[PDB]
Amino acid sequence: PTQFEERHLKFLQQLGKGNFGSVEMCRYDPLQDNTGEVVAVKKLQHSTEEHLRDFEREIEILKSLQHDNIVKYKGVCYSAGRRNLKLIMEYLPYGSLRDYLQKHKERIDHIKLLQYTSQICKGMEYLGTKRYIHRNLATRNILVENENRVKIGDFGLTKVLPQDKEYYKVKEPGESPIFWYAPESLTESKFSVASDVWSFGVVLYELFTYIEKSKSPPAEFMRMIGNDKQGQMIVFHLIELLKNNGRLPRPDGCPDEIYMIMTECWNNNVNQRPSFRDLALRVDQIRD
């Protein structure tokens, strides 16, 4: 059931749009009926040949993944009479963990936060087994299936390690989520499981802020660097702050033991950052 016909793939709702991609909720009814299944469809926006090649790689990555905490691949639609490509995924009703945390604060306490943490770690452990580097871990990129299950959604930025190295060097990017980046990613464009672990620390910070507006990583880092500055000088200041131990603060209400996990992920010493496997084991112990 891996190939979906464009004639039966009906638009329902916008789910998230960027400069280079869009995801929509759609209904797939091939028995032309109503019983058809609801899916999520990712398509490029402002597509180029190079972006299409990248998208094919992103599709093959998601298809290669089978895990409870990773959005389920369903197939591809070769749309415009088989002259274009769209990616078909399962549909997750509850949106992004960022939006969910903000809307449903009153049924989320600390143990629930840590249940999400743990599930994120486990998806990340699984990604590690395929030598994939996510490069974009953020609560906006984590999806909520139900109150008991979250899933890493979006592999737009994901790279596969060379078979002979432990790091991937990106030259290209331009625009990047700099406030979630490890310092060597900012300085050297080097990406690794260790840099994913750094980003994971920032995700843990996001959770314990419960998405209160002025507590976001960009809001905080810009407070710290000076919310006056503009263009490159922002990145200059961020690198300098990080290299010399400026860090996000402990959120209000966050236990020491949980902030400590964050600060250990935020190690400038790449080789001393914890593994996703020891993070899962730690978090699971704090949860009991």
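So that there is no doubt, residue numbering starts at 1 and follows the sequence shown.
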{"item": "Higher-B stretch (mean Cα B-factor, as the entry records it), 168 to 176 or 212 to 220", "value": "168 to 176"}
{"item": "Given 58 to 66 and 26 to 34, the range whose Cα B-factors average higher in the PDB entry", "value": "26 to 34"}
{"item": "Given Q163, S189, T129, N136, the residue at which the Cα B factor reaches its maximum", "value": "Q163"}
{"item": "Selection from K159, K105, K72, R83 [criterion: highest C-alpha temperature factor in the record]", "value": "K105"}
{"item": "Modelled-residue ranking by C-alpha temperature factor, third containing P274", "value": "lowest"}
{"item": "Ranked against its chain, the third holding the CA B-factor of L101", "value": "highest"}
{"item": "B-factor third for the C-alpha atom of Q232 within its chain", "value": "highest"}
{"item": "Among modelled residues of the same chain, the CA temperature factor third for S118", "value": "lowest"}
{"item": "Chain third (lowest, middle, highest) by recorded CA B-factor, residue given as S185", "value": "lowest"}
